[PDB]
Amino acid sequence: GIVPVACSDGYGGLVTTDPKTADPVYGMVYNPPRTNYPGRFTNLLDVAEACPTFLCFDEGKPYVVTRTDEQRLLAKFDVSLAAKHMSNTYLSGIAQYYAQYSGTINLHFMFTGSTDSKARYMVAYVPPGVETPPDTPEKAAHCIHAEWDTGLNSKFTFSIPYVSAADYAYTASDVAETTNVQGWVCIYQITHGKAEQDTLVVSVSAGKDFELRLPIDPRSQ
Amino acid sequence: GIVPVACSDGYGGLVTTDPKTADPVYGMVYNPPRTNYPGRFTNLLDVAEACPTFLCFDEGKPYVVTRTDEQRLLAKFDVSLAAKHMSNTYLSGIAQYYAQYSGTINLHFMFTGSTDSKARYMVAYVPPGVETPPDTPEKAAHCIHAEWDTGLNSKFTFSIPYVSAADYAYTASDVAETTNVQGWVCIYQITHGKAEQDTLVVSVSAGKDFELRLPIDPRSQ
Amino acid sequence: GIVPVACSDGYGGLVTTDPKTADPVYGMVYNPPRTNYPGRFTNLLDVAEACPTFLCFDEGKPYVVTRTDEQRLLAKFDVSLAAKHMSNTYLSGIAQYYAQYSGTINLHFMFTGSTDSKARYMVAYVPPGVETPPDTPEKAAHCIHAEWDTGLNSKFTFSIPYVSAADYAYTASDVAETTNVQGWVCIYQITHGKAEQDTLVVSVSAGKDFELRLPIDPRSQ
Amino acid sequence: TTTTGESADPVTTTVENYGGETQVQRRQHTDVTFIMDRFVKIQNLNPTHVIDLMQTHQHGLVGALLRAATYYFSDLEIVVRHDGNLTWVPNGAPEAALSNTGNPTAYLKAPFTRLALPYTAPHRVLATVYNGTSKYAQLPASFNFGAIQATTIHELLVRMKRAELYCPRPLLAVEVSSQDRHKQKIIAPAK
């Protein structure tokens with residue numbers, strides 16, 4: 001006699017993401033060597049961590065600038081990988097293919113002004129719960145924030161913290177909801193000296209614990 | 001050559017309750033931690049044992065009361081999880097999903113009267129075999145019974161014993177038959193003193209050896 | 001790749017007597033205990049050996065009787081489980097479900113006469129080969145036989161031997177053939193004293209080496 | 001037993017009190033993981049469907065038991081009878097994604113498709129009742145097991161794997177008019 005088997009209903013169909021392998025038909029193929037080929041990356045986030053890309057502000061400029069020396073809200077944007085200001089970044093490029101994330105997102109600020117121009121800036125993380133963002137450094141001071149001088153070192157990095165009710169947040173956005181909008185980031189200029197035409201270039205990268213979760217194919221094809 | 005197999009007729013179909021698992025298609029998913037989340041229950045009967053729920057008497061009251069100080073049958077009900085008086089209890093809620101049971105069912109009596117009101121009650125288990133239940137404590141005394149005073153302690157618990165010919169009883173009822181009606185429980189007031197408007201709240205829970213047997217889906221859907 | 005299999009033609013169909021088991025669908029069922037339930041039997045022949053049942057003679061009597069004190073052939077029957085005289089026995093009840101048998105068949109003779117009635121009987125096994133059975137004890141004496149007195153002990157048991165060309169015999173009969181008729185059993189009365197209305201009750205059971213072979217379902221359904 | 005009822009401490013009296021003897025109990029059937037581990041129907045279907053265990057019938061074996069808990073967690077198995085190919089996307093995915101093969105897509109194979117899916121919500125556990133809003137009654141949109149889409153979805157069956165229930169809630173039997181019992185036709189041999 002032979003082995004009895006029950007060909008089971010509901011099993012067997014092809015699933016584009018299944019964990020099995022096909023049957024081979026052309027054996028004994030040896031490839032040209034590619035040992036130590038340069039620039040290899042094995043995880044998208046290793047790249048997203050080390051290579052910050054630029055934010056997009058008014059008229060598509062990767063920077064902000066103000067002609068007045070008074071306090072001003074230079075820019076505000078939503079803490080969403082779906083944000084308009086993030087739309088040209090590599091981080092957002094990667095994130096559109098995952099349903100959820102959690103973790104630190106790092107902002108980088110680089111001053112490009114002349115030796116004779118000085119400024120003092122502030123960056124704040126405004127969590128959800130307030131109707132609109134603070135329009136002044138005074139009101140925003142009560143939030144998690146950092147202030148800095150322009151000097152010998154042109155770059156300043158700040159971590160936007162992951163603070164939410166759920167353990168993960170959606171990468172996409174839909175309408176003002178708790179799972180898809182995690183507050184705002186506000187960048188202010190406290191004041192400046194002779195920096196009317198000088199700019200602050202802003203870029204973003206992934207933090208030490210930034211994480212993307214569930215693979216998706218949502219682009220219109 | 002390859003392995004010969006006999007795809008067997010009568011096997012393979014899907015059975016809603018089969019003991020196998022489907023084939024996976026989306027791997028590597030790590031969940032948010034939920035260690036030590038509170039109020040977990042792993043067996044329905046752990047809950048049914050610790051949380052008694054109320055019986056339902058005339059006009060849907062979870063209690064009985066009498067205005068006369070004489071002996072009276074305050075209430076009688078069928079020892080059936082299908083009984084009218086049990087219809088709002090959690091025990092009956094659970095039992096409707098199992099074909100059979102066996103074991104102890106516990107009744108709880110709580111006196112709510114004022115300090116100046118006293119009473120003496122009796123509870124009896126009348127097994128099947130008599131045409132109708134005893135209408136008086138005297139006649140019911142010959143059964144398995146308990147009597148008690150109202151005092152410092154407001155609650156009294158009594159176990160309705162499982163006594164039947166078969167080892168299991170049906171949870172549902174059909175018509176007077178040996179497998180679906182296991183007698184009555186009769187609650188009497190022997191007498192009372194100034195307890196005309198005072199009540200005896202009754203609730204029920206599962207006993208140490210209460211057991212429900214065969215899973216069913218009998219509700220109209 | 002995956003395992004290659006050859007779904008074989010000619011295999012897989014359901015066979016009412018196959019040696020396999022179905023797939024389970026309702027697990028975890030514990031039964032009421034039935035330890036030491038009485039009167040269990042595990043082999044039909046244990047019962048057929050210990051419980052003899054009655055033969056059927058003229059007018060359906062489980063006994064033979066003669067009014068004359070002379071030698072007489074009280075009864076003769078075919079050594080067939082299909083015999084008319086065996087038709088109400090448990091042995092024949094069992095045998096109709098098997099195609100073949102072999103072994104000893106035991107006859108039991110019980111005298112029911114009064115203390116004042118005596119008799120002397122003879123039983124003979126006549127193998128095939130003679131046209132008709134011996135009508136007298138004298139002619140039958142040359143066969144395998146036993147003779148006995150009626151006394152204190154009312155019962156006498158005799159073994160009808162299995163003597164045939166083939167190692168097995170058919171339980172059913174068709175027409176006079178070597179595989180389905182194995183001779184006759186003849187019961188004679190040598191003589192008697194005052195036993196005109198007294199009887200000899202006859203019953204049959206299976207012998208130590210009686211055996212039934214091949215399961216069949218031949219009854220008209 | 002006599003106790004102070006008001007405290008609400010559990011009291012489990014026994015048959016022994018009046019001379020009886022407690023009898024051994026096997027409770028495998030009432031075990032939560034076991035009892036929830038079976039296929040149950042979902043009724044309101046559409047070619048695009050979001051998997052929501054609250055779609056289970058309120059008086060169904062699983063439907064009612066699930067409702068009788070406040071919080072729960074579990075993995076899942078589904079059986080779908082569909083025309084065309086079936087695509088599933090995880091919790092949080094744009095509805096637009098159901099249109100693409102890159103997401104788990106099962107090519108039609110009679111008579112239907114049976115799959116094993118992981119819990120994908122962003123919460124540690126889910127709820128059957130939620131007193132409040134998720135937007136800046138119904139349950140929050142994030143309480144789901146993803147969505148499926150095919151040309152036509154004829155049948156859906158769901159099965160809860162590794163189920164964990166917390167915080168039990170009321171569970172009801174049918175109400176009884178008679179005042180003695182609820183009677184119904186129990187199965188019995190014909191003739």
# chains A, B, ... in the order shown; residues from 1 in each chain; ligands from 1

call {"tool": "residues_around", "arguments": {"residues": "region 168-179 of chain C", "least_positions_apart": "4", "cutoff": "7 Å", "atoms": "only C-alpha atoms", "output": "PDB file with N, CA, C and O atoms, in the first residue's frame"}}
result
ATOM      1  N   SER C  80     -24.190 -29.401   9.755  1.00  0.00           N
ATOM      2  CA  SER C  80     -24.164 -28.119   9.053  1.00  0.00           C
ATOM      3  C   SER C  80     -24.674 -27.037   9.989  1.00  0.00           C
ATOM      4  O   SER C  80     -25.668 -27.240  10.685  1.00  0.00           O
ATOM      5  N   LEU C  81     -24.011 -25.886  10.019  1.00  0.00           N
ATOM      6  CA  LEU C  81     -24.493 -24.801  10.871  1.00  0.00           C
ATOM      7  C   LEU C  81     -25.781 -24.256  10.240  1.00  0.00           C
ATOM      8  O   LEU C  81     -26.541 -23.504  10.860  1.00  0.00           O
ATOM      9  N   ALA C  82     -26.035 -24.709   9.010  1.00  0.00           N
ATOM     10  CA  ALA C  82     -27.213 -24.342   8.222  1.00  0.00           C
ATOM     11  C   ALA C  82     -28.375 -25.338   8.404  1.00  0.00           C
ATOM     12  O   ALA C  82     -29.441 -25.172   7.825  1.00  0.00           O
ATOM     13  N   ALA C  95     -22.508 -18.003  13.338  1.00  0.00           N
ATOM     14  CA  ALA C  95     -21.904 -18.528  12.113  1.00  0.00           C
ATOM     15  C   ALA C  95     -22.386 -17.989  10.767  1.00  0.00           C
ATOM     16  O   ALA C  95     -21.632 -17.995   9.801  1.00  0.00           O
ATOM     17  N   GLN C  96     -23.621 -17.515  10.685  1.00  0.00           N
ATOM     18  CA  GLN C  96     -24.126 -17.021   9.404  1.00  0.00           C
ATOM     19  C   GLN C  96     -23.349 -15.815   8.882  1.00  0.00           C
ATOM     20  O   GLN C  96     -23.510 -15.427   7.725  1.00  0.00           O
ATOM     21  N   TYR C  98     -19.947 -15.610   8.865  1.00  0.00           N
ATOM     22  CA  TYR C  98     -18.600 -16.034   8.529  1.00  0.00           C
ATOM     23  C   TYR C  98     -18.707 -17.055   7.410  1.00  0.00           C
ATOM     24  O   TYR C  98     -19.623 -17.876   7.394  1.00  0.00           O
ATOM     25  N   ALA C  99     -17.784 -16.987   6.461  1.00  0.00           N
ATOM     26  CA  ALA C  99     -17.808 -17.894   5.326  1.00  0.00           C
ATOM     27  C   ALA C  99     -17.320 -19.313   5.646  1.00  0.00           C
ATOM     28  O   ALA C  99     -17.808 -20.273   5.063  1.00  0.00           O
ATOM     29  N   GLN C 100     -16.385 -19.453   6.583  1.00  0.00           N
ATOM     30  CA  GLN C 100     -15.856 -20.779   6.897  1.00  0.00           C
ATOM     31  C   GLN C 100     -15.656 -21.083   8.379  1.00  0.00           C
ATOM     32  O   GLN C 100     -15.573 -20.185   9.203  1.00  0.00           O
ATOM     33  N   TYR C 101     -15.547 -22.366   8.704  1.00  0.00           N
ATOM     34  CA  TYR C 101     -15.301 -22.784  10.080  1.00  0.00           C
ATOM     35  C   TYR C 101     -14.464 -24.057  10.081  1.00  0.00           C
ATOM     36  O   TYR C 101     -14.131 -24.596   9.028  1.00  0.00           O
ATOM     37  N   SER C 102     -14.109 -24.498  11.282  1.00  0.00           N
ATOM     38  CA  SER C 102     -13.391 -25.755  11.521  1.00  0.00           C
ATOM     39  C   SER C 102     -13.423 -25.931  13.026  1.00  0.00           C
ATOM     40  O   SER C 102     -13.634 -24.960  13.762  1.00  0.00           O
TER      41      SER C 102
END

call {"tool": "closest_atom_pairs", "arguments": {"of": "chain D", "to": "chain A", "cutoff": "8 Å", "atoms": "only C-alpha atoms", "output": "tab-separated table"}}
result
residue	atom	partner	partner_atom	distance
D:79	CA	A:10	CA	7.3
D:89	CA	A:216	CA	7.0
D:90	CA	A:214	CA	7.0
D:91	CA	A:99	CA	7.1
D:92	CA	A:99	CA	5.3
D:93	CA	A:99	CA	5.2
D:94	CA	A:218	CA	6.5
D:96	CA	A:218	CA	5.8
D:97	CA	A:218	CA	3.8
D:98	CA	A:218	CA	7.6
D:99	CA	A:218	CA	7.9
D:100	CA	A:217	CA	6.1
D:101	CA	A:16	CA	7.0
D:102	CA	A:217	CA	5.3
D:103	CA	A:216	CA	5.7
D:104	CA	A:17	CA	5.4
D:105	CA	A:15	CA	5.2
D:106	CA	A:15	CA	4.2
D:107	CA	A:14	CA	5.5
D:108	CA	A:13	CA	6.6
D:109	CA	A:13	CA	5.5
D:110	CA	A:10	CA	7.4
D:111	CA	A:9	CA	6.7
D:112	CA	A:10	CA	5.2
D:113	CA	A:10	CA	4.5
D:114	CA	A:10	CA	4.7
D:122	CA	A:168	CA	4.9
D:123	CA	A:166	CA	5.3
D:124	CA	A:167	CA	7.3
D:134	CA	A:178	CA	5.5
D:135	CA	A:177	CA	4.3
D:136	CA	A:177	CA	5.3
D:142	CA	A:179	CA	7.7

call {"tool": "closest_residue", "arguments": {"among": "C:28, C:111, C:2, C:8", "to": "chain B", "atoms": "only C-alpha atoms"}}
result
C:8

call {"tool": "atom_distance", "arguments": {"atom1": "CA of residue 95 (chain D)", "atom2": "CA of residue 121 (chain D)"}}
result
15.7 Å

call {"tool": "atom_distance", "arguments": {"atom1": "CA of residue 149 (chain C)", "atom2": "CA of residue 62 (chain C)"}}
result
20.2 Å

call {"tool": "residues_around", "arguments": {"residues": "region 65-78 of chain A", "least_positions_apart": "4", "cutoff": "7 Å", "atoms": "only C-alpha atoms", "output": "count of residues only"}}
result
20

call {"tool": "select_by_dssp", "arguments": {"residues": "region 10-121 of chain D", "states": "strand (DSSP E)", "output": "PyMOL selection string"}}
result
chain D and resi 40-42+48-50+69-83+86-89+105-106+113-117

call {"tool": "interface_residues", "arguments": {"of": "chain A", "to": "chain C", "cutoff": "10 Å", "atoms": "only C-alpha atoms", "output": "PyMOL selection string"}}
result
chain A and resi 1-6+20-24

call {"tool": "atom_distance", "arguments": {"atom1": "CA of residue 118 (chain B)", "atom2": "CA of residue 1 (chain D)"}}
result
18.7 Å
